[PDB]
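Topology and contacts: notes
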Amino acid sequence: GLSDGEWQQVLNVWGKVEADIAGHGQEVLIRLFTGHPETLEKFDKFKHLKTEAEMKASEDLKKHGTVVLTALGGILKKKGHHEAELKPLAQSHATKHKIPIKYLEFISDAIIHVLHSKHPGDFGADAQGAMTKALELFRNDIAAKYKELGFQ
Ligand code: HEM
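Structure determination for this entry is recorded as X-ray crystallography, at 1.40 Å resolution.

Structure representation (structure tokens):
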């Protein structure tokens, strides 16, 4: 649960992402894959990537980063009223992709890391607080659907 002022911070930060969605999406995925190499094994289309240089050169990885962040941005713009947008993603991630909730924690922290890396000194303590709360809400509502499905 976020206040109006917190949502305002979230959507202000998101404007930074929307200025270069593919570059942010690329770096988020590279941070996830290099920090947590077990996550790469969930992607049949990226498992061939052995080095970060290969990851950086991959146009399909940048494409997938655009898909991921476009979906997250659509959810964030709902300011918590995201049941319809979140349900299909929870279902596909539990039943088809088999993504444990832990990996959603990993990517949440990766988003925070990339924001500081690309906007050093321009991602303030209030903005980090609000973004973290928004990603926690997203993860918690997915977790509720995972529990319904019995997925671990
Ligand atoms: C911010 C969180 C994320 C968002 C919004 C997101 C969004 C999406 C979307 C929109 C798709 C395509 C449609 C679908 O299959 O449902 C997708 C595919 C996928 N997601 Fe996620 N995702 C997230 C996190 C992750 C994480 C953490 C992993 C794994 C570590 C992951 C693994 C996958 C895989 C394996 C695919 C299928 C890729 C394919 O082969 O083309 N997702 N995701």
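Considerations on the UniProt feature "binding site: heme b" in the protein chain
If you check UniProt for "binding site: heme b", the listed places come out as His93 in our numbering. Within the secondary structure, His93 sits in helix α5 (residues 83-95). Take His93: its relative accessible area is 26%, and that puts it in the partly exposed class. If near-sequence neighbours (up to four positions away) are discounted, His93 is found in contact with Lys98, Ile99, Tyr146 and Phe151.

Quick look at the side chain of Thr39
Looking at the secondary structure, you find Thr39 in the loop between α2 (21-35) and α3 (52-57). Among the polar contacts listed, one links the side chain of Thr39 to the backbone oxygen of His36, at a separation of 2.7 Å. Apart from the residues lying within four places of it in its own chain, the contact partners of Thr39 are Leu32, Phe33, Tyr103 and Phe106.

Quick look at the site of the ligand
Taken together, 17 residues form the shell around the ligand, and within it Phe43, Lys45, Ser92, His93 and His97 come nearest. At a separation of 3.0 Å, a nitrogen atom of the ligand approaches a polar side-chain atom of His93. Elements with a contribution of two residues or more to the shell around the ligand: α4 (59-76), α5 and α6 (101-118). When residues in the shell around the ligand are grouped by element, the largest group, 5 residues, is from α4. Taken together, the residues of the shell around the ligand break down into 10 nonpolar, 5 polar and 2 charged.

Section: the UniProt feature "binding site: nitrite" in the protein chain
Mapped onto the present numbering, the UniProt feature "binding site: nitrite" falls at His64. The topology assignment puts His64 in helix α4. With sequence-adjacent residues up to four places away left out, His64 is seen in contact with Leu29, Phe43, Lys45 and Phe46.

Structural notes on the packing of α2 against α4
The N-to-C vectors of α2 and α4 enclose an angle of 100 degrees; their axes lie 7 Å apart at closest approach. Our classification of the angle between α2 and α4 gives roughly perpendicular. Two secondary-structure elements touch here, α2 through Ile21, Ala22, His24, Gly25, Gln26, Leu29, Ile30 and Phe33 and α4 through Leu61, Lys62, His64, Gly65, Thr66, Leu69 and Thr70. Partitioned by chemical class, the residues of the contact of α2 with α4 number 7 nonpolar, 7 polar and 1 charged.

What to know about α6
Relative to the 26 Å expected for 18 residues at 1.5 Å per residue, α6 spans 26 Å between its end C-alpha atoms, a close match to the ideal helical length. Every buried residue belonging to α6 is among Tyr103, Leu104, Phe106, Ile107, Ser108, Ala110, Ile111, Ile112, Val114 and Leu115, and all of these are buried. Buried residues along α6 sit in contact with α1 (4-18), α2, α4 and α7 (125-149).

The rules behind these values
The numbering scheme counts residues from 1 along every chain following its written sequence, independent of the entry's numbering, with residues that lack coordinates not shown. Note: side-chain values were computed over all heavy atoms of the structure, leaving out hydrogens and water. UniProt positions are given in the numbering used here, feature names are shortened, and annotations may be inferred rather than shown by experiment. By definition, any uninterrupted DSSP run of H or I lasting at least four residues is a helix, any uninterrupted run of E lasting at least two residues is a strand, and each is numbered from the N terminus. The cut-offs for exposure are 20% and 50% of the maximum accessible area for each residue type, with area from a 1.4 Å probe on protein chains only; residues under the lower value are buried, those over the upper are exposed, and the others partly exposed. We call two residues contacting when some pair of their heavy atoms lies within 4.5 Å. A 3.5 Å cut-off defines polar contacts: any pair of N or O atoms within that distance qualifies, except that in protein one atom must be a possible hydrogen donor and the other a possible acceptor, and neighbouring residues in sequence count only when both atoms are side-chain atoms. Only a single heavy atom is needed: when it lies within 4 Å of a molecule or strand, its residue is near that molecule or strand. Under the scheme applied here, ten amino acids are nonpolar (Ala, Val, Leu, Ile, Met, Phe, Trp, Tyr, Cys and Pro), four are charged (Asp, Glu, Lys and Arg), and all others, including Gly, are polar. In this analysis, axes come from line fits to C-alpha atoms, helices being fitted only over the stretch in contact, and the angle between any two N-to-C directions falls in the range 0 to 180 degrees. Angles below 35 degrees are treated as roughly parallel, those above 145 as roughly antiparallel, those between 65 and 115 as roughly perpendicular, and all remaining angles as oblique. By definition here, a helix of n residues has an expected span of 1.5 Å times n minus one.

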